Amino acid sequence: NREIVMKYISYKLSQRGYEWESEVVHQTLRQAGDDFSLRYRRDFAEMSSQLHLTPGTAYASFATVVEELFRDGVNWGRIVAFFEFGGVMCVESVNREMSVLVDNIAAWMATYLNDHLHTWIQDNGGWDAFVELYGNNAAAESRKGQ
């Protein structure tokens, strides 16, 4: 998926004011990402406090985090974490006057989605099943998985 990436990044860049599947998939993913960033605010803040970003290290940083994220397997919340992480990297790139990196990060994200998440997503009911899970309350999400 690639539109999904560009629409996400464009939105995260907006929440900081900086200009760069059905609509309900894109809205739900935005909403789930915002949820993630609130619930894991310490990790978001730690990441910001400890991210050391240059164009020369940007790929290593991107690839290292993503590899740790999915090391024990894929699930929908880690896919949300993936989008949020890339969005933050793009935000931090623009903040540090390295805006060149945004297109690179978008490409890396789209490539990771296509090459390493597409199979899992298809096998787990597609983005339609993501939206279904988001709608269900915590108790109902555990029941559906079980």
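Numbering starts at 1 and follows the sequence shown.
- Deposited sequence between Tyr134 and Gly135: no residues lack coordinates (chain continuous).
- In this entry, the higher average B-factor at the C-alpha atoms falls on 41 to 49, of the pair 54 to 62 and 41 to 49.
- As recorded in the PDB entry, 11 to 19 is the stretch of 11 to 19 and 119 to 127 with the greater mean C-alpha temperature factor.
- When the modelled residues of the chain are ordered by C-alpha B-factor, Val5 sits in the lowest third.
- Per the deposited record, the Cα B-factor of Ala81 falls in the lowest third when ranked against the other modelled residues of its chain.
- Split the chain's modelled residues into thirds by C-alpha temperature factor. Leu101 is in the middle one.
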